[PDB]
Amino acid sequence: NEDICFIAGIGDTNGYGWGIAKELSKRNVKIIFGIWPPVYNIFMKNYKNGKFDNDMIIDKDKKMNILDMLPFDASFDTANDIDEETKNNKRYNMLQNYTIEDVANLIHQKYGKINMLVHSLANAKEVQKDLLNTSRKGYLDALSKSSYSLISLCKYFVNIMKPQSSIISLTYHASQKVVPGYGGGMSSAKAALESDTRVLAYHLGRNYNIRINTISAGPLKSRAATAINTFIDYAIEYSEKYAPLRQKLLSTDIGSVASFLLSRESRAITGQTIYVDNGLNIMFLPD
């Protein structure tokens, strides 16, 4: 009782963020969605029009427990970072308090302190280009939004979290082994994310008694996965054929693991990269 989780990085019901929300709901955790402004209105519309009613179904008729839905952009740390153009952009103009600091303050004011935080986002302008051809701007854009965002989320949210709270993010094996197609510096961003998870585990553990881990998920055909041009269909096919466990990897498979890591049951685990990919990562040569 009293478990509140903020999930940053939800634009629909086809990604891991939604799978994580469903499993947490089964444990009676209250959910707060952090939605990227560019897709905020479209998300709300569909929600209002009851387009997600089926996907919100859990257990036996059990409906998901969505406490709130807030506009959120991990590119901005404070209101002072918002550039004039973005502030005046059509999709941002009518929204407020969407920077990392503002959302933390908003959540604290409305619901008090929370104990669960999920970083389920990533972005790279040049993801379609191989690392060698990625520009400096594209590279830094990937690191800024996909990696630094985690650090910033921690810096502002630790002030509104209870001791013994837990934090998780999502990564991918391309950080440790070569996956052609995963460009734009996304591999670089994930490698940084995994390393930052260890350093943050040290600081957050000693000073706040807070835990942080990352889940290296297998392939899922999410909206963003298609942006890589297809790459995702190949990855899924390869996984279902060569993984030690030949079964379809579901968003809820990652969700149940996320639920465990966020609960007090994983009290002694921190700074780890946990693989939830049907064991594919352990293979060397296929069959």
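Quick note: we count residues from 1 along the sequence shown, nothing fancier.
Unmodelled deposited residues between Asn229 and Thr230: 10 or more, per the record. Taking the mean C-alpha B-factor of each stretch as recorded, 99-107 and 136-144 are not equal, and the higher mean is that of 99-107. When the two stretches 179-187 and 82-90 are set side by side, the higher mean Cα temperature factor goes to 82-90.
Taking only the listed residues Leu261, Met69, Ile254, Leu245, the entry reports the highest CA temperature factor at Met69.
Within the selection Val158, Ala74, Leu170, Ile167, the deposited Cα B-factor values reach their highest point at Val158. In the deposited entry, the Cα temperature factor of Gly9 places it in the highest third of its chain's modelled residues. Residue-level temperature factors show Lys113 in the highest third of its chain, judged at the C-alpha atom. Placement of the Cα temperature factor of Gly50 within the chain: highest third of the modelled residues, per the deposited record. Among all modelled residues in this chain, the alpha-carbon of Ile57 has a temperature factor (C-alpha) in the highest third. Per the PDB record, residue ranking by Cα B-factor puts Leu249 in the middle third of the chain.
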